[PDB]
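The same protein chain appears twice below, in two forms, each given on its own as structure tokens and labelled structure 1 and structure 2.
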Structure 1
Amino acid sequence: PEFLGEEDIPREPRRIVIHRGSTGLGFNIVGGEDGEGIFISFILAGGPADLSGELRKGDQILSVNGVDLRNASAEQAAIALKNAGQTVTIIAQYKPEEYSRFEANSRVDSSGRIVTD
């Protein structure tokens, strides 16, 4: 058997295009304080972000529809996302070490996966 769980999670930036019409994207964000970055903390089962299959907890949102969010505040990030229109083009980059500082008892294992004890 060949298990995905052993393979490294790609750390390069990716483009994700979510088509969600006029409903929520279906994920949570954390961060935004002092340019620390905006990270995905939670993806809703069955929501547009889940259906894309291309975002995960620990992804940093680098931009939405060309709008750089690397140094965004949490509220303006949310506004940017909520008002991005029916087609939402996200550049994301997996940053589990940075993300893990937000969630209690969390750490990164050898494959780059976020583990919570």
Structure 2
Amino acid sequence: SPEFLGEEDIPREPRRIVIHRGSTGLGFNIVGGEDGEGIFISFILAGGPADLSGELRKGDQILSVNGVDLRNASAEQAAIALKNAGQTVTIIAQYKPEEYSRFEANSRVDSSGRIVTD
């Protein structure tokens, strides 16, 4: 009997993740930022710093960057904070796929809590 992770819930509590900046950037994209809706990871680049951490995913909201609260920041504000965060970037993230799925066209959350796009 194979034990798929797919049948396992993704943790919903906040987590602390440390990223080490490459010679290319932190390796993820963000969406959101309008009217305090929040900043969400929409894409993680294969092989990039966020990927290498192995602790971030599409659908994570970025709550803070190096202790600076980003929950109500604009995307531009978030981009600036992330750019200016130095070589070692400490992120507090929280998996919020339902909120995230609102932003991505034809996306939804399945019974396992995974984000699916049709």
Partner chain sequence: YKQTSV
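Superpose the two forms; the largest set of C-alphas matching within 1.5 Å is the rigid core. Numbering runs along the sequence of structure 1, starting at 1.
Colleague: So which is the form deposited with its partner chain bound here, 1 or 2?
Modeller: Here the form deposited with its partner chain bound corresponds to structure 1.
Colleague: By how many angstrom does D68 shift at its CA between the two structures when the core is held fixed?
Modeller: With the cores aligned, its C-alpha sits 0.2 Å away.
Colleague: After superposing on the rigid core, what is the C-alpha displacement of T23 between the two structures, in Å?
Modeller: Reported C-alpha shift between the two structures: 3.5 Å at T23.
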